[PDB]
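Student: output the structure for:
(6 chains)
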Amino acid sequence: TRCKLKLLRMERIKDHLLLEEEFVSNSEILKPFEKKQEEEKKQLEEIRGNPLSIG
Amino acid sequence: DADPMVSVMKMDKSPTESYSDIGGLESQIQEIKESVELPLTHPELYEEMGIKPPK
Amino acid sequence: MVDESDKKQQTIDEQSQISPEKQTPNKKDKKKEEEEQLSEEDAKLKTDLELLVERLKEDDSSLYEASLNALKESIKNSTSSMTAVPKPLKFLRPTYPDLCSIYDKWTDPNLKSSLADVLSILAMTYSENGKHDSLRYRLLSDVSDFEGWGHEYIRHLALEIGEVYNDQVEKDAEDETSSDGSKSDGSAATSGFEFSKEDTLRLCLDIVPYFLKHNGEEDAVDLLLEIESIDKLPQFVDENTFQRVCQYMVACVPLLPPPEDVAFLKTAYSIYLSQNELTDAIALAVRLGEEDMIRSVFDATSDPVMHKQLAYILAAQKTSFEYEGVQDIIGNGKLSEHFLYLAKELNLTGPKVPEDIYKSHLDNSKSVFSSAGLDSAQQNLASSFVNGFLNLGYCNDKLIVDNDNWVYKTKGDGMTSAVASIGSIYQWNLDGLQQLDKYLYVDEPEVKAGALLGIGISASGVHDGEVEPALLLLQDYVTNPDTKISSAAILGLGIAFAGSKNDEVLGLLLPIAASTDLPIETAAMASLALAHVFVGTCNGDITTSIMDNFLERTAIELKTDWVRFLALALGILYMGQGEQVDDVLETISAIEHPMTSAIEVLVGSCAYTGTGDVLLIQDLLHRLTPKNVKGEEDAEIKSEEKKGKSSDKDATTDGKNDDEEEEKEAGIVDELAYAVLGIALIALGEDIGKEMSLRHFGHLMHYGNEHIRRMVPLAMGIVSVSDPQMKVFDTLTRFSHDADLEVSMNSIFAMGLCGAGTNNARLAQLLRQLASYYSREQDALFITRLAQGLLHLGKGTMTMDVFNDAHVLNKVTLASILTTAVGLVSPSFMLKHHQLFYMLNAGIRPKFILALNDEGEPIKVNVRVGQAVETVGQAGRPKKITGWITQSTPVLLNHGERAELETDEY
Amino acid sequence: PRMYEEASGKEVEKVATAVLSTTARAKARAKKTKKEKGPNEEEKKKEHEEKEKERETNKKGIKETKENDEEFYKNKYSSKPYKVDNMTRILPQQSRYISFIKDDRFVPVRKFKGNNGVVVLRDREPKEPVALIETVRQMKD
Amino acid sequence: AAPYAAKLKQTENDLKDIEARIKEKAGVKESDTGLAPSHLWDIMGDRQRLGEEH
Amino acid sequence: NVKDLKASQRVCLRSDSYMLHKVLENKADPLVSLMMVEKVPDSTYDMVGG
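Tutor: Residues are numbered from 1 along each chain as shown, chains lettered A, B, ... in the order given. Next comes the structure:
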């Protein structure tokens, strides 16, 4: 039981903390502009349009 | 960008064939295994000796 | 199943699957009728048991549950456990499975909560008698194999865990907490836990570390000592006993904060002492960082023996194994005192003997030079350093050196590093002094300084027992009033002794590293040296070094570089303790300036080490805040700022490195990917932060001793051609060195590409040239590890000079420091009484399969290879012994350590 | 009045929430760490006091409060006075009575005869708070 | 199944978080370069598109 | 969606941006068309008999 427990203890704190760190960093990226990260996504779609023609 | 032309080259596999389904001629196994299998396990022997691994 | 009454015994079993006629009806009516019939119930107790036994061979829920339902009620509903004390006490043995039937066989939230409390209580009361132990045993050793008992025995144990854990956190504790309504530890419940523990140690493993941990006291561990020491050979065998101890200890570093972790490991030393291998004892003793635990094993083999026998040779060997020589000083002194012979004992303990075998190993490996010989410009300076870097370890290249031409063509600070690079040819070798002596008495002060660095490097292979020590030569130079000379002198002295403390080393560094009043930037080396002596062992947290940091800041705030080095030295000093490092955190934080805070985060990594997941959230809030503050704005101050930003970045990383070695090997893997993702992240956020994060990455990797060494550096290496600070390359190669030309083939390719391909500045070029040659050694002459060998989860002391140099920008001035990058790992060979210079055979296996280790002890299968091998780095660190089949038996266990072998032929 | 305009709170909020998530996920480690933490605090002080550590934490029993009188058409109201004041908000939007002040020695006209519509009022003493509203018709006439 | 059952639930819980980190990254917003020159290059292509060089 | 689509389903597309509209009823399968153009029958064991 405890063999499972030491892995549970390392894996939870390191990974969940990292997850939290991403969430804050999308927002912070937004600030020098006013929305950089969530706009790069809207731009990619826009630039490419639909359809995309294969060559 | 995957082709079915490459998949012809490739295998999908788990042979029934394993060493020691070879009924004798043990030395010959340990000349083939010295040639094919062994430089993937250790490249260390062949650089330590300074030989180029047999092709 | 069919109801066929009391005809025969087989049809009694079928009867009681639906409704007994000799357990529920009878006993109930009987109890509730007269009170002389409790005596007839006591006879019927024997009956209840036989019937239970027969149907603990079933596994269907329905027919043991429903059957036995009203007995579970009678306790509280009619008797109310008050008609008498012993008579209800001793009849709880049939009612306890009846209880289990709603806990475990069925699961229903309303009843499982309510009867949970009732099971705990009666487990406790009924264990004074010790009839509760026997019910527990009948299921642990079973009657039949069906699924049921495998969960039923599990619940009974889980009761005990529930209550004990809840008494430590809550301030309420005792039996008035409502977790299980049951007493703290009692006084006749205490004895119940000891009796359970034996049976469960015999048959199981699960609850054995666990019980300890819930209490959180070393006392629980000492109780454990007693039982395990009986057991060591008749219940299961010795080998097995060892794999158990360490599983508990390494595993529970995440569950143990400092004042507790040291005290638990005391006990684990004692288990090993009780047992026969005093070699397993020593491994743990190094681990403690205590001088005392080491002295006791040495006294144990030396003192009771009035002969040479095996016993004196075996002592010398054990103490030899640290490559710091923290053990070399302690084991010496008793050899001098007993006196059956000086000559063999003193050489064998010291690094004097490791020199003889090094020559033997060099003979296999040969010497292949592949250095360039570019002359003139900074390109001159690059090529003169590279020769030393290519011949780390004992190598020989005397004649090239003897020609002073290429020496006199070096210039500047460059000239200094050139004389110093010569010393690394003669690394772990006495001779060399002649080359060095020449420069020391002639020309400019520059060649004079570089000789002393080179003496440092050379002298590390022979210094213990004060026989022609580096101390003898280097003192004259320290006294001398010139700064460049003395700084050089005391650096070489730090190297030479390495992690060995003594009266002489300490006492040289005691009236210096305490004058920083008049401005210089080379008295970094002052404290740096004192910090180096301390590592790998117990500390005093010395006042000399803390004082001089303060004074330095008061005197000058121009020389941000001086104070940046000074800061890092404190943190290296404290390395090797963590509990005391808390006391002094406050002292540093006393005087407050935003400037002072830059140091604080650095010293934080050591203080918090071992309660280092409190250390992670801090060093991360510390990072986000810069970006956030900037945010608001978006929508002399110079010196503080620059220092401020770089320190946080070093500290965060520093924190990870020390933590990951000691704690889990598993997280080491995660930490390799995360670091690169961390560099990109900082690159966006803080402009200033980016230069520092590039360079730190190389020492993150080397300190932790990663398993994956091909994929990640190479992907990053390309990216860091574009990025600023070409010093990034040097740091990447320090990790890559490993077994050379496994990892280091791609390293050469990768670094040599970037350097030939674009020359955008010859400054940018110099770093790139050093790195490609640094990384290799011809056909794995010697690997480098920050790890000790003797423990893979301990920490070096020789490598702490490598660590220093990644926080600052590259300079010719930096170059002098990087020549040192000392620490060697001997290959193991079998020794006899005439110190044989070959081995018989060894097994190597990339990583052990086993899970019942977490420290390492190989599987026996392995992969066999012949005689005279270098012990491969990570991706082959486990090295096992083969000799058993030729009727030969090792005395000195190897697991993947540095330790040399000694053998008995029969 | 009520205004829904803000936009500097975002930065202080972003770390503030970062802390709330971080501590929850950290919690698993922190139980074990707290066990040693306690015995010093019990010995010395809670933070810098001996007070309000005699409970579960610093409270036991209902920790919250709420009072409602809005999002109802009648529920509570009781008796509320109002008088006419200068340089004070007064709304005949809220209420249906509105009473005249007796700071003045003059009195308003006759109080309610009841009912609804355009209704003639009648009373036998003018001495009760009522009030007067002025008329645009008198100005024309 | 208590000793192994409780902790197995926790292991699954840990798998959930590893997925969320993934779904956040590729939509708000996957890298192709370092992160920063893939944002600007999108604003650079707007300049080329207005032109009839293609 | 794409959680309804597997490879080798004819689809209707709406010309305008070529937006996917629906799955069409008939599927094409190449191994079916190979024995239809060879035009081998399949027949019972009694027919072989003698």
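Student: what's the single longest strand in chain F?
Tutor: strand F:19-27 (DSSP state E).
Student: alpha carbons only: can I get that one in CSV?
Tutor: Only the C-alpha atoms of strand F:19-27 are listed here, as CSV (Å, rounded to 0.1, in the frame of the first residue of the first chain):
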residue,chain,number,x,y,z
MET,F,19,-18.8,22.4,-45.1
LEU,F,20,-19.5,18.7,-44.2
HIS,F,21,-23.1,18.0,-44.1
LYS,F,22,-24.0,14.4,-43.7
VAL,F,23,-23.0,10.8,-44.1
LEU,F,24,-24.4,9.3,-47.3
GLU,F,25,-26.0,5.8,-47.1
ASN,F,26,-23.9,3.7,-49.4
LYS,F,27,-20.4,2.7,-48.4
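Student: pull out the buried positions in whichever helix or strand comes after that strand.
Tutor: Going down the chain from strand F:19-27, the next helix or strand is helix F:30-38, by DSSP states H and E. Using 16 or more other CB atoms under 10 Å in any protein chain shown as the test for burial, helix F:30-38 gives no buried residues. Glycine gets a C-beta too; all of them are placed from N, C-alpha and C.
Student: output helix F:30-38 as CSV, nothing but the C-alphas.
Tutor: Extracted as CSV, the C-alpha positions of helix F:30-38 are listed here (Å, rounded to 0.1, in the frame of the first residue of the first chain):
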residue,chain,number,x,y,z
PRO,F,30,-12.9,-2.6,-52.6
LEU,F,31,-12.8,-6.3,-51.7
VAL,F,32,-16.6,-6.6,-52.6
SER,F,33,-15.9,-5.2,-56.1
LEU,F,34,-13.0,-7.5,-56.9
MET,F,35,-15.2,-10.8,-56.7
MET,F,36,-18.1,-9.1,-58.4
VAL,F,37,-15.9,-8.2,-61.5
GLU,F,38,-14.2,-11.7,-61.5
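Student: ok so, going back, in its sheet, which strands sit next to the longest strand of chain F, and in what direction?
Tutor: Applying DSSP bridges to the sheet, strand F:19-27 is found paired with strand F:9-14 (antiparallel).
Student: quick one on the thing from earlier: neighbouring contacts of the longest strand of chain F?
Tutor: A:50, F:4-5, F:8-14 (CB atoms under 8 Å, 6 or more residues apart in numbering or on different chains).
Student: for residue C:132, give me its contacts.
Tutor: So residue C:132 contacts C:96, C:123, C:126, C:192 (CB under 8 Å, 6+ apart).
Student: and chain E, which of those reach it?
Tutor: When these are checked against chain E using CB under 8 Å from any CB of the partner chain, none falls in range.
Student: most neighbours among those, please name it.
Tutor: residue C:123 (24 neighbours; other CB atoms under 10 Å in any protein chain shown).
Student: once you drop chain neighbours, what's closest to that one?
Tutor: Of all residues not flanking residue C:123 in the chain, residue C:159 sits nearest, at 5.3 Å (CB to CB, 6 or more residues apart in numbering or on different chains).
Student: contacting residues for that neighbour?
Tutor: Residue C:159 neighbours (CB under 8 Å, 6+ apart): C:116, C:119-120, C:123, C:180, C:182.
Student: of the contacts of strand F:19-27, which is the most crowded?
Tutor: For the contacts of strand F:19-27, the largest neighbour count, defined by other CB under 10 Å, is 14 neighbours, found at residue F:9.
Student: for chain A, see how far away it is.
Tutor: The span separating residue F:9 from chain A equals 19 Å under the rule CB to the nearest CB, to the nearest Å.
Student: among the contacts of residue C:159, which are in helices?
Tutor: Secondary structure from DSSP state H places C:116, C:119-120, C:123 of those in helices.
Student: thinking again about what came up before, quick one: the longest strand of chain F to chain centroid distance?
Tutor: 13 Å (CA atoms, centre = their mean, to the nearest Å).
Student: quick one, helices of chain B?
Tutor: Secondary structure of chain B, counting by DSSP H: helices at B:26-35, B:38-41, B:44-49.
Student: need those helices in TSV with distance to chain D, can you?
Tutor: Converted to TSV, the helices of chain B look like this (distance: least, CB to the nearest CB, whole Å):
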stretch	distance to chain D
helix B:26-35	49
helix B:38-41	41
helix B:44-49	41
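Student: most tightly packed of those?
Tutor: Burial of the helices of chain B is given as mean neighbour count (mean count of other CB atoms under 10 Å in any protein chain shown); helix B:44-49 ranks first at a mean of 16.
Student: in this structure residue C:221 contacts residue C:213, no?
Tutor: No - look at residue C:221 against residue C:213 with CB atoms under 8 Å: they stay out of range, at 9.7 Å.
Student: still on that earlier bit, who wins on neighbours among the ones in helices among the contacts of residue C:159?
Tutor: With neighbours taken as other CB under 10 Å, the top of the ones in helices among the contacts of residue C:159 is residue C:123, carrying 24 neighbours.
Student: and that residue, how far from chain B?
Tutor: Distance of residue C:123 to chain B, given as CB to the nearest CB: 51 Å.
Student: check residue A:17 too.
Tutor: Here the criterion is CB to the nearest CB. By it, residue A:17 lies 37 Å from chain B.
Student: quick one: which helix or strand includes that residue?
Tutor: helix A:2-30.
Student: and the next element down the chain from that helix?
Tutor: Counting by DSSP H and E, what follows helix A:2-30 is helix A:37-48.
Student: please consider this matter closed, and thank you.
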